[PDB]
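There is one chain below, alone, in structure tokens, taken in the form deposited in one PDB entry.
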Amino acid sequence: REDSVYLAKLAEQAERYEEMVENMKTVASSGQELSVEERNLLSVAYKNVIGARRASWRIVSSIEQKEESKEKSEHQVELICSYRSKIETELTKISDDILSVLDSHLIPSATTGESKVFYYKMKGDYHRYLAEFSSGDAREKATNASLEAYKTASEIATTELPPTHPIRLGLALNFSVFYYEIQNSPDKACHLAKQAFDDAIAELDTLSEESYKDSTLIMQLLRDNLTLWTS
């Protein structure tokens, strides 16, 4: 276990993130709760692994759309479409993997408020990733499961985390993106991000130097998103 941790830190350095997932996965399966460092290692592992497929999915989708506007393009489109289909399959498998670790191990055993918010936010993230590309009923089940996870995280973050905490701010940023991009609710998105930005101002001095730098960059993304959403 202490070995699996060390080998995850090594895989990160080698930027071999699927091996980082394997090591962090068996650590999150064993009963003991994860430290701060260990849950960040788990998040970085899975986010880098799904992130490569998300980028591929998006560039292949754009190629596909471009191609299906051309006349007499049915053969190229079905090659593109079938290649995209292989990327979607890995997207759902990576999401289900982390989602099952969350539902069966990490969310039940979480005892601090931080850990509880951290994991419900991750859960909202990966249901959101599923909603980005899934068709029909699977998009609706992921859309609703994402909302419910961000909602639960927000309820707990409201009572257990101060308004300037990186985890709380990061939660509101990702929840606001869900509202804007998945639920298509620019009013809910805009206000949630604005309220979260403002509420972090009063207590900027209570944070450690490293936490202040995490919250600064999160607030930069909130600001820049607000600029986009107010055209």
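When you see a residue number, it is the position in the sequence shown, counting from 1. Rigid core (definition): largest C-alpha set, two forms, superposition within 1.5 Å. Shifts are known only where both forms have a C-alpha.
Comparing the deposited coordinates for 107 to 115 and 144 to 152, the stretch with the larger average C-alpha B-factor is 107 to 115. Per the PDB record, of the two stretches 50 to 58 and 35 to 43, 35 to 43 carries the greater mean B-factor over its C-alpha atoms. As recorded in the entry, 71 carries the highest CA temperature factor of 71, 125, 88, 132. When all modelled residues of the chain are sorted by CA temperature factor, residue 170 is found within the lowest third. Among all modelled residues in this chain, the alpha-carbon of residue 94 has a temperature factor (C-alpha) in the lowest third. Sort the modelled residues of the chain by CA B factor and residue 177 lands in the lowest third. Among the modelled residues of its chain, residue 230 has a C-alpha B-factor that falls in the middle third according to the deposited record. Sort the chain's modelled residues by C-alpha temperature factor and residue 221 lands in the lowest third, per the entry.
There is another form of the same protein, the form deposited in another entry; it is not shown, and what comes next is about it.
Only 206, out of 26, 40, 206, 195, shows a C-alpha shift of 2 Å or more between this form and the one not shown on alignment of the rigid core. Moving regions between this form and the one not shown, defined as 3+ consecutive residues each with a CA shift of at least 2 Å after core superposition, come down to one: 202 to 210.
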